[PDB]
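Asker: Shown below is the structure under consideration.
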Amino acid sequence: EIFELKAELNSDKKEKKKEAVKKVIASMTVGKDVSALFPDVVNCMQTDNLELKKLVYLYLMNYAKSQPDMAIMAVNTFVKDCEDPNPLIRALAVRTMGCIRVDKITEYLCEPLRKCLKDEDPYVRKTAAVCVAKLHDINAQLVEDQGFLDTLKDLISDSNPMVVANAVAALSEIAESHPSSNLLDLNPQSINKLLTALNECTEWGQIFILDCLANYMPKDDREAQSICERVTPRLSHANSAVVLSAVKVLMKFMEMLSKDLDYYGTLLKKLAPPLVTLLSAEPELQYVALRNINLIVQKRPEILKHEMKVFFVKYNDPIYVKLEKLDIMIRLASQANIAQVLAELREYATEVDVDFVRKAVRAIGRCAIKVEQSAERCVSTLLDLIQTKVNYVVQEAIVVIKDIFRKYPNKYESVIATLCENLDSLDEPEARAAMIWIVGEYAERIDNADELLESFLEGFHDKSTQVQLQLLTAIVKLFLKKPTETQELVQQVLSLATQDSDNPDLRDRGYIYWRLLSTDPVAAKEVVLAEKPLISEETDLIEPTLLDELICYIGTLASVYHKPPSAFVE
Amino acid sequence: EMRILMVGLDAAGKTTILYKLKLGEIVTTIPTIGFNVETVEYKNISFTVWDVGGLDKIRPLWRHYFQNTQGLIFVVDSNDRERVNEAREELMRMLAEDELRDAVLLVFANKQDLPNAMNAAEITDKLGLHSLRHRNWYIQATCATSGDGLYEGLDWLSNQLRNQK
Amino acid sequence: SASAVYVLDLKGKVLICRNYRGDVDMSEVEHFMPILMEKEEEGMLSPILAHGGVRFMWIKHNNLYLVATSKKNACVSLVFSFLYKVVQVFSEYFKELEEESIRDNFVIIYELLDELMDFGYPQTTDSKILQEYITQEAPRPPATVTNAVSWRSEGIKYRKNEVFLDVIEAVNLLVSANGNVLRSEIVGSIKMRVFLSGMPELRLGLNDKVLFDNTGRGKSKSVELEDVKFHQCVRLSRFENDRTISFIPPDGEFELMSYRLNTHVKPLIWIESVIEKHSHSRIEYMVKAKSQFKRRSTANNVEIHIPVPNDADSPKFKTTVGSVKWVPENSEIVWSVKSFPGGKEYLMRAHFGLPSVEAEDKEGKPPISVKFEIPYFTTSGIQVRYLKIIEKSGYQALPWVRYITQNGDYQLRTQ
Amino acid sequence: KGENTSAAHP
Amino acid sequence: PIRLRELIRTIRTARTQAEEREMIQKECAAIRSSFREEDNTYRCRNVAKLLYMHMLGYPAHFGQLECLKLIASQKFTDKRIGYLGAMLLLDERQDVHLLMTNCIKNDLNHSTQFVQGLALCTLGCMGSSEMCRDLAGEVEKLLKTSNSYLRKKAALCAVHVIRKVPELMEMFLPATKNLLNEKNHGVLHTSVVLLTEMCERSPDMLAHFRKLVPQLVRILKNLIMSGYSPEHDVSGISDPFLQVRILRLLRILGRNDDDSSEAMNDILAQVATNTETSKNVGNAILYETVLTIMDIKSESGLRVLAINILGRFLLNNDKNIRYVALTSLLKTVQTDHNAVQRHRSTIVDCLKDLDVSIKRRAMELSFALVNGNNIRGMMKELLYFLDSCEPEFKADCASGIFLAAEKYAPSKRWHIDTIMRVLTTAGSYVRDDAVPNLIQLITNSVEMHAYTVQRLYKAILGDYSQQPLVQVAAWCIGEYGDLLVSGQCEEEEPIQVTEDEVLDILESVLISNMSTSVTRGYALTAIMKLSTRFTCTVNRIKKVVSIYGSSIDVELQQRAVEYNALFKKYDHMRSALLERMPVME
Amino acid sequence: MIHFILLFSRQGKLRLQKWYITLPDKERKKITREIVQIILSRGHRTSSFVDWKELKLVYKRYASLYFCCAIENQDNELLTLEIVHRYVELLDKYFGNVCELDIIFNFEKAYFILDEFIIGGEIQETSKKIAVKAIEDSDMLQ
Ligand SMILES: Nc1nc2c(ncn2[C@@H]2O[C@H](COP(=O)(O)OP(=O)(O)OP(=O)(O)O)[C@@H](O)[C@H]2O)c(=O)[nH]1
Ligand SMILES: [Mg+2]
């Protein structure tokens with residue numbers, strides 16, 4: 001079958017070899033193994049057709065690795081096609097030469113690339129600038145040997161800022177691939193040249209020349225303000241990617257501004273309406289935008305501490321946006337916006353997405369932890385959500401009201417009078433044991449605390465380690481609170497824990513509780529009934545040493561993941 | 001699934017025992033000028049039977065089944081001592097083919113109701129079945145109206161077809 | 001910084017593939033749809049999937065997955081915005097974007113993907129300038145490809161010279177079930193259709209509050225532009241200086257400015273409704289629709305959607321003005337009023353049934369979304385003041401404008 | 001297509 | 001009211017499920033508004049389209065009223081589609097299926113055997129135990145008849161009502177007597193399945209049913225000596241389905257009897273020779289034969305031939321027969337433990353098979369193959385296999401090594417050596433239930449804890465992400481630090497036990513989030529243990545307890561408070577209650 | 001005891017489900033999607049046996065449409081393959097050169113061949129003639 005195609009290829013008519021190579025790239029389109037037809041479409045490459053050679057370059061790109069030995073038959077044709085009156089075919093051959101990653105080929109590919117660097121047309125110059133980074137990705141030290149770094153710096157020193165912007169993109173790539181040996185930071189005069197290059201180059205070039213600014217730090221108050229005054233109009237651009245990198249460099253450079261000067265507050269108040277406006281983008285950018293907002297409101301919480309109405313989710317929003325808007329509402333929940341946030345989260349447990357409702361109940365809990373003012377309104381709202389008696393809603397609300405009781409155990413003693421009836425056939429062990437802590441911890445305003453645990457002590461030996469250990473602690477606490485009624489209960493739970501159970505920490509805490517009860521049970525009023533301190537909660541603010549490293553990465557995969565970059569790259 | 005012939009000299013009873021294998025009957029059968037074909041589902045191996053008659057004009061016509069041919073049955077007529085020589089010459093004419101080498105030989109000693117019929121040993125002597133290189137052969141005493149020896153031949157043929165326990 | 005740009009079908013095989021750096025192997029795209037179903041069924045559906053050290057940035061078309069793979073720390077919004085620009089350019093080229101366009105027009109699309117990106121770097125992503133040297137019907141590349149002004153090529157000439165302005169309002173609204181407004185913002189977007197000759201320059205005049213405060217005329221009617229995000233063509237340094245919208249226009253249809261502001265004016269169409277949810281019998285939608293705006297504008301072709309129970313049956317609609325089609329395919333109704341004037345109230349009474357047996361799972365309560373469209377009306381009151389055509393030749397173009405009030409996500413929450 | 005094939009091939 | 005196949009073509013003309021659900025809900029609302037008109041003519045195709053929606057998985061819960069109405073119809077096709085919808089949309093937990101009782105009962109009294117066939121069909125497929133108690137008086141009545149189309153359905157419906165109500169099987173004992181000469185092999189197949197079920201349920205029924213052993217011996221001999229049948233016949237056997245069922249009833253009967261096991265002796269000796277290992281069916285016959293031999297108390301001379309059969313079944317290149325031979329030797333583990341042990345190289349050779357199931361069965365077969373002699377050489381290749389496993393095999397293998405080592409350990413030193421090697425090479429793949437088992441056996445050890453805990457500390461210094469490893473190690477340190485750190489109350493000549501990194505390794509487990517917080521429970525328990533086991537470096541772990549008093553976990557906060565009160569207030573009670581924990585079994 | 005009968009295509013589309021154990025519809029979708037994921041992700045020299053969740057599962061590839069059952073893990077395993085092969089011959093004899101579209105368009109007849117061949121999980125007719133004759137007689141009633 002392929003011999004017929006090679007016979008069409010080995011003819012001399014243009015329309016035959018043209019349909020032949022179109023059938024080749026159509027087989028390659030669905031992914032047929034047309035690698036065997038390599039060294040004969042190599043011969044049918046040097047054509048006067050410009051539409052045909054793009055297909056051939058596509059084949060050579062898709063099969064450079066496939067034939068590492070047969071690929072030597074193209075270098076003369078590349079150095080010929082880089083000597084053409086048409087700059088489209090020259091830049092086409094240059095961007096073909098860069099993507100071909102064969103180390104046997106790229107030795108002879110230095111000097112025509114050097115010539116196309118020194119071409120007149122900016123199209124082939126900005127192609128060859130990216131091809132320098134292509135070759136540095138192939139062989140970095142061959143680029144260092146040829147001295148293409150200085151020519152890359154000379155295309156920084158070029159006019160017509162698209163060549164300059166591709167040079168800055170290539171330099172950011174190569175200096176990223178550097179060990180920062182001979183770091184290519186600029187004097188501020190070339191940086192002001194890039195500022196003159198800013199209002200002229202492409203909106204993609206306006207991203208990469210803002211990416212060089214992630215590697216430079218200004219030294220003065222007037223220098224930083226002077227460059228940021230023209231960094232500032234980039235926030236009013238339609239593409240969110242120019243705005244995001246401008247936000248990145250402004251977050252980088254606002255640590256140089258004098259806060260006592262009125263330019264810093266000018267930067268603050270002019271930054272927040274673009275950050276609110278970026279939420280109206282198309283939602284795959286809104287995911288990274290919400291992660292970067294979380295990166296900013298941890299860095300500067302004063303920016304969006306008055307814009308709560310825009311972080312309300314909508315019905316059309318997907319899960320990866322609705323779950324992150326909850327986290328931003330956590331990071332921005334304050335004293336005055338309590339009613340809208342709590343009624344908003346009240347309308348979030350009414351959804352069919354189970355994990356969204358679980359995250360919403362955890363958001364109400366983190367609201368009750370973060371502020372002490374509306375902890376009571378969180379308690380009332382969560383009890384009214386318990387009044388729904390939806391199973392996973394209760395399985396989250398028990399743990400959440402528990403963690404409210406762990407931080408603030410003070411004035412919540414009439415709340416547990418309802419919580420005794422909370423669908424006692426609850427199944428999930430993370431909230432069964434949570435309810436065991438709620439009972440035994442608050443076993444002085446709960447009068448029927450013994451007889452409810454009789455259900456919890458029946459199927460005792462196969463629940464968990466956590467649930468059995470919470471029972472083992474809560475019964476000792478209950479019996480210390482009432483020694484009369486649960487006299488048999490503490491003895492039978494010590495008999496179930498010590499003797500027959502082989503759960504090792506449950507055994508150890510059982511023998512400890514039994515030796516405490518036998519040694520001095522009155523001393524448990526000071527030992528296990530010791531005054532618990534205020535529990536240091538898990539504050540999820542990212543380390544400012546790591547956060548300033550993540551100021552330097554906004555718009556990256558590390559910006560999304562809220563990780564250092566080396567934690568996930570390979 | 002496998003194919004098989006029923007050839008030989010005419011009036012030997014091979015179509016009589018063919019419809020004895022197909023239906024269990026001894027039907028009125030003319031001396032067969034054309035051919036016959038039936039199929040017998042025996043031991044879940046469909047023995048696809050292709051009778052070709054034994055008239056003088058149709059003996060050279062045997063080659064136009066001999067393309068894509070797997071087995072063979074050579075039904076002899078025991079009672080014809082004078083025509084068993086020309087049946088032997090017909091057999092060795094059929095066995096002198098480069099194409100007929102996968103066809104295992106199956107000799108049906110037919111009309112084993114008469115005392116003038118030979119045994120399954122004298123027919124082997126008169127044919128010389130022992131000098132048959134590349135020929136898995138087996139002689140079998142068969143009778144039409146009883147049906148004895150037929151399913152023994154089908155048993156040995158089914159042993160020849162499959163190569164399993 | 002993606003090493004390989006991919007487009008998959010809805011099953012997961014390659015519609016079209018385009019590698020750039022070799023950092024992502026070509027066989028690693030086969031894991032995408034299993035990872036898609038693996039993360040999707042656990043609620044971890046994200047635009048970034050991962051297979052060990054290989055990432056999967058993706059946006060989703062109706063039939064197409066624009067998979068963008070990277071291995072190192074790629075610049076992410078770079079990648080996603082380039083995916084959106086590829087979608088926009090291919091929609092300009094192929095007005096329907098399906099597998100018939102991929103598997104049959106494969107002559108041009110590989111050339112397009114080679115031109116738009118090299119080494120993972122977007123270089124020239126405008127549609128109209130790319131038309132001029134990439135055709136399916138080749139000369140040197142234009143200098144506008146290499147120009148600083150890379151959105152308007154010289155040599156464009158028309159007989160008449162017309163500039164069409166489209167001021168399109170979009171009222172965003174999220175009214176709670178109690179009946180108060182949680183968020184009343186307006187995202188406004190001006191789209192222009194410019195048919196001029198040569199290299200013109202346009203200065204847009206608007207009734208800005210900030211610009212009139214710079215002038216001293218901030219006591220008349222004006223618009224409070226809380227934020228504006230412009231096109232690339234607008235010289236944004238001059239707008240930062242003195243609120244000046246200075247731009248060489250692109251040729252043809254383009255969106256100039258996408259502004260956003262907050263508006264404490266009452267909503268345009270108020271939807272009050274009561275729902276008598278009886279067990280296993282029926283439901284009732286005594287919905288009323290009043291208009292709070294002036295008695296001179298008429299809302300064209302509204303579609304007031306009320307989400308209904310999924311297994312409802314025998315639909316009944318005692319309406320007053322406007323037709324209803326019950327849409328059970330989306331589980332909703334469409335109460336369509338073609339001519340909806342201002343200051344009027346039109347009642348609709350719906351009545352359904354309900355099966356006697358309950359369902360295994362719940363259904364959810366989606367808010368009410370209507371689809372109004374009002375011409376010759378801006379709720380913000382924003383008005384274009386002037387548009388000065390600047391040309392070395394010098395002529396009189398025709399700046400025409402119409403005012404359109406539409407919706408964005410006009411949501412009102414249900415009981 | 002690949003659907004018009006009979007299963008057992010009798 | 002479109003046809004069923006029209007909706008089939010409508011859904012097959014959908015590409016995207018986001019559009020296919022729209023096409024579902026269009027015709028679904030059509031069916032719903034059709035059911036509001038109470039139409040009994042198109043109700044067949046409306047319920048059929050609704051069942052086509054349920055088959056792909058679309059909401060069809062509402063259309064069960066009309067399924068009951070199709071059962072409450074009078075035409076044959078309406079009842080047919082109604083019983084189809086009853087078997088598909090209704091089950092035990094549907095809560096509305098109790099209304100089928102009267103309708104199936106009248107259709108068990110329907111004149112047609114096919115409508116009674118459907119009333120037996122739906123009741124046998126999904127008849128609830130409450131419906132079994134309401135219909136089994138009429139199930140046996142259709143067993144009190146003799147219609148061979150109905151007896152085969154009534155027998156397996158009796159199997160179903162035993163399956164749902166096993167205390168109702170006593171009324172089918174007088175109904176099953178001496179119908180065991182029925183010539184219809186389908187009725188005979190259902191009767192042998194019923195006898196296999198009845199013999200499976202109650203031993204009181206065995207004595208009534210081990211009497212009719214020679215009757216079914218004659219039946220099986222008649223079926224084996226049956227050379228050919230036109231129907232019932234795949235691969236030259238007259239009804240091998242009924243042959244396997246009779247051999248299975250022979251397998252469960254006589255398994256502890258001697259008279260009946262020798263009453264079935266000669267037919268087993270025949271069918272071990274009158275089978276055929278060529279196609280799948282005769283290998284099935286012969287494997288059920290060898291199962292019947294190895295499960296009854298047979299002659300061991302039968303078992304000589306049967307182990308010869310299974311040695312042939314190991315030799316067969318069919319992966320079917322390799323699975324069968326592994327399942328075979330997995331069945332005859334305790335029965336003939338000697339002759340299976342000489343298949344050991346083949347059992348180990350089946351570990352390198354390219355199938356998950358064959359590796360699993362050969363792994364469990366090497367596990368059950370362990371005796372008090374093969375513990376040395378086999379465990380080396382078994383742990384080599386665990387090192388060369390896949391993450392799905394690691395839990396089962398990590399459990400099976402422990403279970404075969406807890407029985408047949410030749411040396412308690414080498415026992416703990418194999419256990420520690422598994423705890424290194426498995427890590428986070430062994431089940432946490434085996435962790436108190438390992439704890440219980442190493443505290444059943446009494447003479448070697450130096451060699452235990454020194455090697456524990458030598459291994460766990462490199463790793464703590466192996467979670468059950470440190471689940472073991474924290475309790476090991478907390479109980480035997482005195483044997484770990486030995487005679488080192490102050491600073492001496494440098495021995496590798498250092499009593500400052502001994503606490504710091506547990507503290508580093510504590511600070512690291514690679515901790516399931518019962519890691520932290522075990523670790524704080526070890527910290528409170530080692531205040532009396534160690535007098536070397538104290539009042540530094542009290543610092544850890546006092547700074548740990550505000551941790552975020554609930555029980556760990558309780559644990560830190562209840563420790564810190566003892567470490568600051570009742571130091572005289574700490575050493576009083578820190579005796580080692582006693583040994584249970 | 002056969003606990004379930006499943007018939008799923010190569011693409012994963014469910015063509016016939018059957019439950020001889022009454023487990024609810026969410027569990028039906030969970031178990032069905034799991035089994036579809038397991039069998040489609042296994043090679044062609046893997047004995048057609050899976051030990052999945054206390055079940056020696058019996059599946060078989062006859063075409064792109066895959067067939068699946070699970071006998072109780074105390075019984076013989078090859079006879080379940082013979083059951084599926086006998087039911088293949090039943091569909092071939094009642095339908096006639098049984099296509100996929102014969103199973104697609106006329107699925108309810110395949111359900112009824114299953115009903116007249118197996119109730120409760122066990123074989124109720126071992127004849128390959130009496131069962132198809134009886135379903136043609138019930139069709140003759142119509
Ligand atoms: N008595 C008796 N006659 C037999 C027996 N077998 C064959 N014959 C006779 O042989 C005759 C042969 O009939 P056919 O079956 O047509 O002979 P053939 O071998 O097929 O010869 P063609 O039809 O020409 O191919 C029959 O009519 C019988 O009379 C036998 O076992 N006993
Ligand atoms: Mg004849």
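For the structure tokens, the naming scheme is as follows: chains receive sequential letters (A, B, ...) according to their order of presentation, residues are indexed from 1 within each chain, and ligands are indexed from 1 in presentation order.
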Quick one: everything within 10 Å of region 293-296 of chain E, counting only C-alpha atoms, minus sequence neighbours fewer than 3 positions away in the same chain. Send it as a PyMOL selection string.
Answerer: chain E and resi 247-248+250-258+260-262+264-265+268-269+272+287-290+299-300+302-303+305-307+328+331-336
Asker: What's around residue 10 (chain D) at 9 Å? Count only C-alpha atoms, leave out sequence neighbours fewer than 4 positions away in its own chain, and write the answer as a PyMOL selection string.
Answerer: (chain D and resi 6) or (chain F and resi 89+92+97)
Asker: List all protein, DNA and RNA residues that have any atom at most 8 Å from ligand 1, counting only C-alpha atoms and all ligand atoms, and write the list as a PDB file with C-alpha atoms, in the first residue's frame.
Answerer:
ATOM      1  CA  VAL B   7     -15.958 -41.395  -4.646  1.00  0.00           C
ATOM      2  CA  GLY B   8     -15.187 -44.757  -6.214  1.00  0.00           C
ATOM      3  CA  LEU B   9     -16.527 -47.101  -8.845  1.00  0.00           C
ATOM      4  CA  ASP B  10     -20.229 -46.920  -9.689  1.00  0.00           C
ATOM      5  CA  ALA B  11     -23.017 -49.060  -8.157  1.00  0.00           C
ATOM      6  CA  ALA B  12     -20.848 -49.658  -5.073  1.00  0.00           C
ATOM      7  CA  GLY B  13     -23.512 -48.327  -2.707  1.00  0.00           C
ATOM      8  CA  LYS B  14     -21.786 -45.110  -1.653  1.00  0.00           C
ATOM      9  CA  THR B  15     -24.892 -42.966  -2.151  1.00  0.00           C
ATOM     10  CA  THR B  16     -27.014 -45.676  -0.515  1.00  0.00           C
ATOM     11  CA  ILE B  17     -24.809 -45.541   2.570  1.00  0.00           C
ATOM     12  CA  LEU B  18     -24.634 -41.743   2.155  1.00  0.00           C
ATOM     13  CA  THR B  28     -34.286 -45.573  -4.197  1.00  0.00           C
ATOM     14  CA  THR B  29     -31.076 -44.336  -5.785  1.00  0.00           C
ATOM     15  CA  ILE B  30     -30.244 -44.218  -9.494  1.00  0.00           C
ATOM     16  CA  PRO B  31     -26.639 -44.771 -10.662  1.00  0.00           C
ATOM     17  CA  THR B  32     -25.409 -41.273  -9.979  1.00  0.00           C
ATOM     18  CA  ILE B  33     -24.505 -39.230 -13.076  1.00  0.00           C
ATOM     19  CA  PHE B  35     -22.984 -35.471  -7.887  1.00  0.00           C
ATOM     20  CA  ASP B  51     -20.291 -37.682  -3.405  1.00  0.00           C
ATOM     21  CA  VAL B  52     -18.949 -37.984  -6.938  1.00  0.00           C
ATOM     22  CA  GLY B  53     -20.264 -40.920  -8.962  1.00  0.00           C
ATOM     23  CA  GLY B  54     -18.333 -43.638 -10.723  1.00  0.00           C
ATOM     24  CA  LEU B  55     -19.476 -43.631 -14.340  1.00  0.00           C
ATOM     25  CA  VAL B  75     -15.779 -46.814  -1.182  1.00  0.00           C
ATOM     26  CA  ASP B  77     -17.216 -52.695  -4.168  1.00  0.00           C
ATOM     27  CA  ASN B 110     -19.015 -52.194   1.036  1.00  0.00           C
ATOM     28  CA  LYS B 111     -21.697 -54.841   0.384  1.00  0.00           C
ATOM     29  CA  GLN B 112     -20.419 -57.002   3.254  1.00  0.00           C
ATOM     30  CA  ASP B 113     -23.482 -59.206   3.141  1.00  0.00           C
ATOM     31  CA  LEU B 114     -22.335 -61.602   0.467  1.00  0.00           C
ATOM     32  CA  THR B 142     -19.471 -51.589   5.784  1.00  0.00           C
ATOM     33  CA  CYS B 143     -23.022 -52.682   4.947  1.00  0.00           C
ATOM     34  CA  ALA B 144     -25.841 -50.524   3.623  1.00  0.00           C
ATOM     35  CA  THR B 145     -29.225 -51.728   4.895  1.00  0.00           C
ATOM     36  CA  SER B 146     -27.791 -52.449   8.349  1.00  0.00           C
TER      37      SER B 146
END
Asker: Need to verify the contact set: region 1-10 of chain F, 6 Å, only C-alpha atoms, exclusion of same-chain residues closer than 3 positions in sequence. Can you return it as an mmCIF file with C-alpha atoms, in the first residue's frame?
Answerer:
data_model
loop_
_atom_site.group_PDB
_atom_site.id
_atom_site.type_symbol
_atom_site.label_atom_id
_atom_site.label_comp_id
_atom_site.auth_asym_id
_atom_site.auth_seq_id
_atom_site.Cartn_x
_atom_site.Cartn_y
_atom_site.Cartn_z
ATOM 1 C CA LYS F 13 -22.433 1.330 26.269
ATOM 2 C CA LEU F 14 -24.687 -0.897 28.358
ATOM 3 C CA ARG F 15 -26.778 -3.095 26.090
ATOM 4 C CA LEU F 16 -28.243 -5.478 28.681
ATOM 5 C CA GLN F 17 -28.134 -5.473 32.473
ATOM 6 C CA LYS F 18 -29.646 -8.060 34.794
ATOM 7 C CA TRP F 19 -29.666 -8.269 38.593
ATOM 8 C CA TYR F 20 -30.290 -11.515 40.463
ATOM 9 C CA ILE F 21 -29.390 -9.662 43.673
ATOM 10 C CA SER F 64 -17.023 -5.849 20.265
ATOM 11 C CA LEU F 65 -20.060 -6.404 22.483
ATOM 12 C CA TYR F 66 -18.704 -8.003 25.650
ATOM 13 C CA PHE F 67 -20.697 -10.339 27.885
ATOM 14 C CA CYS F 68 -20.363 -10.580 31.655
ATOM 15 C CA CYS F 69 -21.657 -12.676 34.549
ATOM 16 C CA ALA F 70 -20.419 -13.889 37.914
ATOM 17 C CA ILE F 71 -21.101 -17.312 39.389
ATOM 18 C CA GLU F 72 -20.766 -17.942 43.123
ATOM 19 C CA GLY F 121 -29.694 -17.283 38.282
#
Asker: Enter the distance from CA of residue 447 (chain A) to CA of residue 487 (chain A), in Å, rounded to one decimal.
Answerer: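 Here the two named atoms are 15.1 Å from each other.
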Asker: DSSP on the backbone, strand (DSSP E or B) only: what residues of region 145-211 of chain C does that give? Format it as a PyMOL selection string.
Answerer: chain C and resi 162-175+181-195+201-206+208
Asker: Provide as a list in words the residues of chain C at most 12 Å from chain F, counting only C-alpha atoms.
Answerer: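 Residues satisfying the distance criterion: residues 11, 12, 34, 37, 38, 41, 359, 360 and 361 of chain C.
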Asker: Pull out every residue of chain C that has at least one atom within 7 Å of chain E, counting only C-alpha atoms, and report them as JSON, numbers by chain.
Answerer: {"C": [313, 314, 328, 329, 330, 355, 357, 359]}
Asker: Using C-alpha atoms, can you write the selected residues to a file as a PDB file, in the first residue's frame?
Answerer:
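As written to disk, out.pdb reads:
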ATOM      1  CA  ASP C 313     -46.435  16.229  33.683  1.00  0.00           C
ATOM      2  CA  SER C 314     -49.626  17.680  32.148  1.00  0.00           C
ATOM      3  CA  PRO C 328     -38.604  19.601  29.881  1.00  0.00           C
ATOM      4  CA  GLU C 329     -35.383  18.909  27.983  1.00  0.00           C
ATOM      5  CA  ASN C 330     -33.800  21.615  30.123  1.00  0.00           C
ATOM      6  CA  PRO C 355     -45.788  11.696  40.214  1.00  0.00           C
ATOM      7  CA  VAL C 357     -43.763   8.131  43.818  1.00  0.00           C
ATOM      8  CA  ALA C 359     -37.268  10.021  43.233  1.00  0.00           C
TER       9      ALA C 359
END
Asker: Could you list, as a list in words, every residue of chain A that has an atom within 6 Å of an atom of chain E, counting only C-alpha atoms?
Answerer: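 So the residues of chain A near chain E are residues 515, 527, 528, 535, 536 and 537 of chain A.
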Asker: Set the distance at 8 Å and use only C-alpha atoms: which residues neighbour region 344-347 of chain E once local chain neighbours fewer than 4 positions away are removed? I'd like the list as an NGL selection string.
Answerer: :E and (314 or 326 or 340 or 351 or 362 or 365-366 or 369)
Asker: For the selection you just gave me, I'd like the residues written to a file as a PDB file, in the first residue's frame, keeping N, CA, C and O atoms.
Answerer:
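Everything below was put into out_33.pdb:
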ATOM      1  N   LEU E 314      -2.385 -28.681  35.062  1.00  0.00           N
ATOM      2  CA  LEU E 314      -1.306 -27.703  35.127  1.00  0.00           C
ATOM      3  C   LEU E 314      -0.546 -27.627  33.811  1.00  0.00           C
ATOM      4  O   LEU E 314      -0.050 -26.555  33.444  1.00  0.00           O
ATOM      5  N   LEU E 326      -5.125 -24.092  39.226  1.00  0.00           N
ATOM      6  CA  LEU E 326      -4.805 -23.321  40.422  1.00  0.00           C
ATOM      7  C   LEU E 326      -5.966 -23.316  41.408  1.00  0.00           C
ATOM      8  O   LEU E 326      -5.758 -23.484  42.614  1.00  0.00           O
ATOM      9  N   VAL E 340      -0.200 -32.439  46.538  1.00  0.00           N
ATOM     10  CA  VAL E 340      -0.225 -31.095  45.975  1.00  0.00           C
ATOM     11  C   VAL E 340       1.143 -30.433  46.139  1.00  0.00           C
ATOM     12  O   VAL E 340       1.561 -29.631  45.292  1.00  0.00           O
ATOM     13  N   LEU E 351       3.417 -17.987  39.113  1.00  0.00           N
ATOM     14  CA  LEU E 351       3.509 -16.629  39.636  1.00  0.00           C
ATOM     15  C   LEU E 351       3.989 -15.635  38.588  1.00  0.00           C
ATOM     16  O   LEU E 351       3.693 -14.443  38.702  1.00  0.00           O
ATOM     17  N   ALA E 362      -2.049 -18.206  42.131  1.00  0.00           N
ATOM     18  CA  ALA E 362      -0.788 -18.883  42.420  1.00  0.00           C
ATOM     19  C   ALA E 362      -0.153 -18.336  43.689  1.00  0.00           C
ATOM     20  O   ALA E 362       0.505 -19.076  44.428  1.00  0.00           O
ATOM     21  N   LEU E 365      -2.134 -19.862  46.425  1.00  0.00           N
ATOM     22  CA  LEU E 365      -1.850 -21.290  46.437  1.00  0.00           C
ATOM     23  C   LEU E 365      -0.482 -21.579  47.037  1.00  0.00           C
ATOM     24  O   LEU E 365      -0.305 -22.586  47.730  1.00  0.00           O
ATOM     25  N   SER E 366       0.500 -20.712  46.785  1.00  0.00           N
ATOM     26  CA  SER E 366       1.762 -20.812  47.503  1.00  0.00           C
ATOM     27  C   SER E 366       1.584 -20.474  48.976  1.00  0.00           C
ATOM     28  O   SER E 366       2.317 -21.000  49.819  1.00  0.00           O
ATOM     29  N   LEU E 369       0.109 -23.494  50.406  1.00  0.00           N
ATOM     30  CA  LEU E 369       1.082 -24.553  50.184  1.00  0.00           C
ATOM     31  C   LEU E 369       2.131 -24.620  51.287  1.00  0.00           C
ATOM     32  O   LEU E 369       2.879 -25.601  51.358  1.00  0.00           O
TER      33      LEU E 369
END
